[PDB]
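Novice: Shown below is the structure under consideration.
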RNA sequence: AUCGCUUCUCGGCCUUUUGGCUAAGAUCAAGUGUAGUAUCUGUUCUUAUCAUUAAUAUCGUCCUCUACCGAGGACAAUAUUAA
């Protein structure tokens, strides 16, 4: 319950932006962003893994439907 | 009384049906064996079909485009809560 799906990411968003946006909720152990090597850009989503499930939970509550780089993002348990 | 439907009864067609001939064309009794096949009689096991819900989000195959890779679409159940 530590891994979150994060969608609706603008092109300018990268692993650094994600780390900065989610670290306020707790320490993070991993951030994965699937890439399209033909374009070299991400596909609009990523997975953020928190150290603690309780922190992942607080992040879902405060970040789902929040704004990042001008647009609304979607956040929920990945699985 | 008339029209339509249904049940029952009955008449008509029913050669639609017996498609040649001769010396009725001729003739006229029975088990011997086996194995093999078929039928019947019992000996044995018949009563029923089996297995939570609500809400939210999203590896394999097929098609298309671009240069094995990437993107998009569709299909195949998954997760959480509560008795």
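Each reported figure results from applying straightforward, stated rules to the coordinates on display, with no laboratory input. Every residue, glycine as well, gets a Cβ built from its backbone with ideal geometry; the counts of neighbours run over all protein chains shown.
Novice: Could you check which residue among A:33, A:60, A:23 shows the biggest mean-square fluctuation in a GNM of chain A with a 10 Å Cα cutoff?
Specialist: Residue with maximal mean-square fluctuation among A:33, A:60, A:23: A:23.
Novice: Across the Cα atoms of chain A, what radius of gyration and what greatest pairwise Cα-Cα distance (Dmax) are found, in Å?
Specialist: Reported Rg and Dmax, both Å: 11.7, 38.
Novice: Among A:21, A:59, A:46, whose mean-square fluctuation peaks in a Gaussian network model of chain A (Cα, cutoff 10 Å)?
Specialist: Maximum among the listed residues: A:21.
Novice: For chain A, what is the relative contact order in percent, using Cα pairs closer than 8 Å and at least 6 residues apart in sequence?
Specialist: 45
Novice: Given the options A:47, A:69, A:25, which has the most mean-square fluctuation in a GNM of chain A, springs set between C-alpha atoms less than 10 angstrom apart?
Specialist: Largest GNM mean-square fluctuation: A:69.
Novice: Which ordering of A:54, A:65 is given by a fewest-first count of other beta-carbon atoms within 10 Å? Write down the numbers at each step before the final one.
Specialist: Details: A:54 13, A:65 10.
Ordered by Cβ neighbours within 10 Å, fewest first: A:65, A:54.
Novice: I've got another one for you. Suppose only helical runs count, i.e. DSSP H with n ≥ 4. What mean residue ellipticity at 222 nm does that imply for chain A under -39500 (n - 2.57) per run, divided by all residues and rounded to the nearest 500 deg cm²/dmol?
Specialist: Helix-only estimate at 222 nm: -7000 deg cm²/dmol.
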